[PDB]
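In the text below, chain A, chain B and the rest are named by the order of the sequence lines, each starting its count at 1. Side-chain atoms are counted along with the backbone in the values below, which use heavy atoms only and exclude waters and symmetry mates.
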Amino acid sequence: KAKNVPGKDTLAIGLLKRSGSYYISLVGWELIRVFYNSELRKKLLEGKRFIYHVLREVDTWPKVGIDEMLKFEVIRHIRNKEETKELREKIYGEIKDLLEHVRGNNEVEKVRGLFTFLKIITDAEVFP
Amino acid sequence: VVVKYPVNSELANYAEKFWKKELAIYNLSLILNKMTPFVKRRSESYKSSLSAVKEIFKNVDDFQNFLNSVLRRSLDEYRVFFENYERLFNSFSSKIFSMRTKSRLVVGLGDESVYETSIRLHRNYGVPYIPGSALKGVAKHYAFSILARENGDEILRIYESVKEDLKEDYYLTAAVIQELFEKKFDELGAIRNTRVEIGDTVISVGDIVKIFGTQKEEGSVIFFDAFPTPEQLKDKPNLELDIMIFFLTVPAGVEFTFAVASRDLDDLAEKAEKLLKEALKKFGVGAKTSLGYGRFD
Amino acid sequence: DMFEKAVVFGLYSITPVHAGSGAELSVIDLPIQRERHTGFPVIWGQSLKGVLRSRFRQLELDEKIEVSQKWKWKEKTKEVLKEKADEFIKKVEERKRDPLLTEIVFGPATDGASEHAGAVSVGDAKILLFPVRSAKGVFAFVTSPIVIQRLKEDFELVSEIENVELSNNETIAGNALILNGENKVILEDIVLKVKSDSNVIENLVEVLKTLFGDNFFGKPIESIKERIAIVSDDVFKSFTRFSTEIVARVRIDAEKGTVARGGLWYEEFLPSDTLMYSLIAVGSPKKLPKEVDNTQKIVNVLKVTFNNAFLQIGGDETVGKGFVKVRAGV
Amino acid sequence: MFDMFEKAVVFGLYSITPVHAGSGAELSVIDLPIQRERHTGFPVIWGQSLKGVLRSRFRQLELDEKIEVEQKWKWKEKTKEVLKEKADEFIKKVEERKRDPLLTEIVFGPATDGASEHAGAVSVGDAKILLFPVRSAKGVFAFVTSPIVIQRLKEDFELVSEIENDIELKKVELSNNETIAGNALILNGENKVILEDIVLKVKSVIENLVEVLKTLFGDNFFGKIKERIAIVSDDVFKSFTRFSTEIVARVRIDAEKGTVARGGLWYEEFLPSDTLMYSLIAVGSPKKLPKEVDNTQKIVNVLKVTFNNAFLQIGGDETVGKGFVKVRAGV
Amino acid sequence: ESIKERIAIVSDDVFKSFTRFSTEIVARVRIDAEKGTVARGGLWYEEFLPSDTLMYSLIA
Amino acid sequence: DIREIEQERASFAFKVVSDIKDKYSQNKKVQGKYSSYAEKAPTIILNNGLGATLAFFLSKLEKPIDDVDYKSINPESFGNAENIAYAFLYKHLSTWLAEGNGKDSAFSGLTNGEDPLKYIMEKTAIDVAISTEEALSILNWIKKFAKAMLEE
Amino acid sequence: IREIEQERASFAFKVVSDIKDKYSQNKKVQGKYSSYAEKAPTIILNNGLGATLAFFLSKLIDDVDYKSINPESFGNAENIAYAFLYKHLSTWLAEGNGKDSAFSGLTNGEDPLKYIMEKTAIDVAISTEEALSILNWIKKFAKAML
DNA sequence: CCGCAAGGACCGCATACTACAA
């Protein structure tokens, strides 16, 4: 996985659940840094619904309008109105930053890769 | 005279008997609205206006007496209704006051009708009455008037932007004040402290805002419907014919009971009461106010 | 399943009532709520609960709730929440939560929604007696077989908690409606032949006596019996469709004192003297003071608080619409 | 040839209030739709929704000793009769809501703590539509059904027949503009019926269907219909169940401003009142036992006595008077 | 013969799409009857093959 | 594959409104009057009844409200714009109740070809109620297309 | 049922982008289009697709033809936004993303309102569902772009 | 007798959003 990515230098993270499922996400090393310093991480660990919606529907998103659909899902899942506007702008920026370091052919696979990563680290069974 | 009733078969013969005083009817709005006579005035021309219907009777006086005789047969039931209405008023600690028609009163003149004219008659009891919407409305428009005549120059100067939207006399000021109260009520901070006297009581713009409310907050004062006292239904005609085309009116000298109630901690029913009382004197309510109709004393 | 007690809330309209259902692209811009498959006017349970809850809330915040002595929620919250009582009071004052007893009976506000469910079930307000204009008798209190059948089923539900055939041209009616020696009744635009019966109206009045007593919302129950009519389902459907109140309203432009452009619309109302009823079911609270810690106590608070009370239901409150008289029959 | 079960009971469900068996929020004009069979579009109540309702009621009845078996059922005594030594510790679990009373766990299965011990004895089938109320120009409303529904009812009878080993227990074609309807629905001198916004021609079956309904639910119909029964085509019926449900706007009002609060406006769907549904309740041998309920027949008897003529609440919005149904449990 | 009138043969990609995205996806919950609300960790989603599905197994 | 009455209502409404616009393209008065009368009609029906509404239209044409078949009314034989419009509206409304959108459409009327006013003054209250609701429904659609197509 | 969602999303993104492009400095127009897009499914739910299209028609005639609409030629933001939403909805039902794409409409170029008047109840139902679905996608991009 | 002949706000928010054994 990792060494099969063009240019390599890749972290391949796998989660094999006891029940049987096997989630895999390929990320650049800088993704780890961006995520730990991100508001998104503190918000996720303060969830599954946000991640589910994106993973389930990303294949229905228009190729030319991926960014706008990301804006929408952030609006729908991230919320005073003063803090709401700021959190949405910040988290959207963090998602766009994280996507730069996700390994994938296109923007769609990058989104899938990122939210697969988020699904792994938010798994309450794995991170109690 | 030849009269025709365009209703179902069995009703048509009974409606005939009702209007001919061959059978008694106990509900006024029923015989007026759902058993409309179409009177063969001439040739093959049928008419359903009150002018034509009047021909069913010996004269205008006969027509009036019939209507009020039908109306008055609800007196016993109406008394219980009016008593519960008073109980309703006092449950909300309402400011209750009574005023008498100084001139003829006609509310709801324009309700769509085959008569070409109309009047708000209670569905169950037949008595004429004044909707709370009209009472609240005439009080608010009267508030618009006093603020315009006394503070027009300043209000038009402070809100020049809103003035441009509307458009430069009194009628432009009144519209500007309305738009401020109705649409741009978030901008009333500038003249919020502006006050008006009506007559010995002091009412500020900010008070007026709370009384009638806005799209962002419900009004703090309840404006109930106004009804004539049961004693008058017993003693005097509550309706009489007038001419413009005949149309029904409430005669001068008819006493109505009014009520406003506070529904907030601000307790603004007193200011609303004084504002409504003045409105009923200076503006009047109902149709044709420019001819003196709808005045109260 | 915790419902041990049921009380019937009688709602008698004093002013026209507009329980709205949203605007429509038709002559009647603002229609009233109706059950779809029958077309019968209703007030949905959620509409009624919101009014009951709002009233109960305002009364609790003003220490006007009796449980036969006064209720102090701030003091009862201190006894319940203890250390977190001062935090809860700040939430209520910030309108993030509702007072203690309100949240016990009707359930918590948004912030505490998952804490516990509401103790009571506020049923849909169903039509029981619809006022119809009458040639003789001024106006009649009209019902139908479907209504009576539903009333019967609702009693089979209440008793479980506590542990007529007419053709379209026929009516069972009291004497005050029947034309002099014609055996006919005229209701709105409909002429009906009187059907001889000696049980239907009598049992119906007995039901109302069991619930509301001799006091029928400001009048003796005997007065009503002479003006009660039962009609066919089709006829009742026509009455509730074409004999509601359709009111033309306007907004006046202050410029010329004329109707503004698009300033004319029509609103529908249930007329005055309309009798509706709702089943209020009461179960064991799930959140609590010992004063209101069971079903019977909640019922007693509900009765006394709302019996003989005047309540506003639906819209157009500040122009004097929606005011009903409430009777709580246990 | 259905030997995993020995007896079965049909649970008739008649709604007296609108019912919201929910499936969750959707990004759609109808924010909260009711449960539906996806490939037919028919409204349903999933067996797990109905089982949860039946379990909760049965459990409360057993805790209050209101359960009738053969006299009153004292679950603590019977627990001591079965568990003997470790019976006291089990009762303590029940009072702590860790486990459920004996008969409840026998019928419906153990509480989540003892899930691995044994399975439940009964199978609670999905509730499916049999009669759906539709407004009518004449007769106020009609109880509408269709051949595919009648067929599914016959097939469920075949299930009951196979389970009870009763071979003795074991044709409607209509055009889309046609109906077989009772006299109360038919317009005066036209031989036509108008249901919702559709004109249907009357065709010259109902009497037989009623006789079937009289078998399952007794001579009386939930304490109350042939004159307002309307049989329509499968697709017309389908459109009714999908587009003639109650869709209601609800709001949350700011208690201080008297205006709609943010996040306080949504649309919610309801199955109408006067809807007839039914679920097949299959009973197998208990897998956990006192002699009073040691076999299938005894468990069936308990189920019949407990829920026949009873009132249940199914779905959400109980606090605003939704989901109330009357139950008839026949063999 | 009745089945013949209601058989629809579609492309391989379309059939695959339906078998993956038209199966029943149902939310189930567990209710904490003490509170009358959904218990902690009491919400999950389950997939179902619909009724009226035909399958075949060869028993060798 | 059947159709819903709403489809027939919309179809009929478009057809009769287009017919006026075609026959009186140069006459904005006739168009403006028809739209006003279509707007007014449902309110009159709710307050006074369908029978009184149909008779109200005929009285405007000075026709005997008891001895007129709708088919005999030809709107193109009146002088003033008012009577032309009233004749059209009465004709369209009566045609709908009497014939619907055609004998082979999804709705062929309620009165089986009988004149609606004569029908009302001959039948029962329930028959009138069904026709009254239908009258309101077709007028709602006439109003829709009149508002968008007919000019003042 | 997945590819059709992508097609809808592609159309929705395009029409909202055109709104934001032509009226970049005009926030009133953008805000009006957004509100009407949100209200549109509600009007359809409570009145039906036919009435809703008729309602849009009254915001603009000689013939019912969505092609002939010119939203930019109107005076105020209300009418401009209405004309755009109306044309967008009609274009989708009649043309889809064009005949060079997977979805080329349901009505084959015919105005949806006249289409409803002529075709079967089934044809109207699918057009209603499809209308609700495209508005649902327009609402998404409206909230994120306008 | 004549004229008119709706408009915007809210726009699903929050919570629960697997647990556990076998």
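Side-chain proximity of C:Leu264 to H:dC13, H:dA5, H:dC10: nearest is H:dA5. Checking H:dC1, H:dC11, H:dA19 against every side-chain atom of B:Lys47, the shortest atom distance belongs to H:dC1. Among H:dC4, H:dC1, H:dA19, the nucleotide with an atom closest to any side-chain atom of B:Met244 is H:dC1. Side-chain proximity of D:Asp31 to the nucleotides H:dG12, H:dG7, H:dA5 is greatest for H:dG12. Taking every side-chain heavy atom of A:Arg49 into account, H:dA16 is the closest of H:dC1, H:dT18, H:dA16. Residue C:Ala113 has its side chain nearest to H:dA14 when only H:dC11, H:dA14, H:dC2 are considered. Distances were taken from every side-chain heavy atom of G:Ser35 (C-beta onward) to each of H:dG3, H:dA9, H:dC1; the shortest belongs to H:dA9.
Both conditions hold for H:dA19 and H:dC20, whose six-membered rings have centres under 5.5 angstrom apart and planes under 30 degrees, so their bases stack. With a ring-centre distance below 5.5 Å and an interplanar angle below 30°, H:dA14 is stacked on H:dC13.
Regarding G:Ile43, its CD1 atom lies at a distance of 13 Å from the P atom of H:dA9, rounded to whole Å. In this structure, E:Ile31 places its CD1 atom 17 Å from P of H:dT15, rounding to the nearest Å. The distance from atom CD of B:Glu217 to atom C1' of H:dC10 is 17 Å, rounded to the nearest whole Å. Taking atom CD of residue A:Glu125 and atom P of nucleotide H:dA19, one finds them 7 Å apart after rounding to whole Å. As a whole-Å value, the separation of E:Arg40 CZ from H:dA16 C1' is 7 Å. The CG atom of D:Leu32 sits 14 Å away from the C1' atom of H:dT15 (whole-angstrom rounding). When rounded to the nearest whole Å, the span between CG of F:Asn80 and P of H:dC2 equals 10 Å. Whole-Å rounding puts the F:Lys143 NZ to H:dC4 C1' distance at 12 Å.
By the 6.0 Å and 45° rule, A:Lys119 stacks over the aromatic ring of A:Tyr23.
Partners of D:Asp31 according to the side chain to side chain contact (heavy atoms under 4.5 Å, CB included) rule, which considers only residues two or more places apart in sequence or in another chain, are D:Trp266, D:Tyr267. Legend: residues meeting salt bridge (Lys or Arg N to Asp or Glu O under 4.0 Å) with F:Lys144, ordered by chain and number and at least two apart, are absent.
Looking at G:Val29 and G:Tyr33, their side chains never come closer than 4.5 Å, going by heavy atoms from C-beta outward. Here the side chains of A:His77 and A:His53 are in contact, with some heavy-atom distance below 4.5 Å. Taking the side chain as every heavy atom from C-beta outward, A:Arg76 and D:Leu27 approach each other to under 4.5 Å.
A residue-by-residue look at D:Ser28 and E:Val29 shows that D:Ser28 has its nearest nucleotide of DNA chain H further toward the 5' end. Residue order along DNA chain H, read from the 5' end via each residue's closest nucleotide, puts C:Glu267 first among D:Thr112 and C:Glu267.
In this model, the phosphate group of H:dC1 is approached by a side-chain N or O of F:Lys60 to a distance below 4.0 Å at OP1 or OP2. Put simply, G:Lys59 has a side-chain N or O that comes within less than 4.0 Å of OP1 or OP2 on H:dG7. Regarding contacts with the backbone of H:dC2, every side-chain N or O of F:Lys33 stays at 4.0 angstrom or more from both OP1 and OP2. For H:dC1, neither phosphate oxygen OP1 nor OP2 lies less than 4.0 angstrom from any side-chain nitrogen or oxygen of B:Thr117. Residue G:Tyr36 has a polar side-chain atom (N or O) positioned under 4.0 Å from OP1 or OP2 of H:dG8.
For H:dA21, its base sits under 3.5 Å from the side chain of D:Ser116 at one donor and acceptor pair at least.
Judged by the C1'-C2'-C3'-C4' torsion, which is negative here, the sugar of H:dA19 sits on the south, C2'-endo side. A positive value of the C1'-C2'-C3'-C4' torsion places the sugar of H:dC13 in the northern pucker family. For H:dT15, the sugar pucker falls north, since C1'-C2'-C3'-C4' comes out positive.
Separating the P atom of H:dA22 from that of H:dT18 is a span of 23 Å, rounded to the nearest Å. A distance of about 16 Å separates the P atoms of H:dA9 and H:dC13, rounded to the whole Å. Taking the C1' atoms as reference points, H:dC11 lies 16 Å from H:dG7, given to the whole Å.
Comment: D:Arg99 engages D:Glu105 in a salt bridge, judged by a side-chain N to carboxylate O separation of less than 4.0 angstrom.
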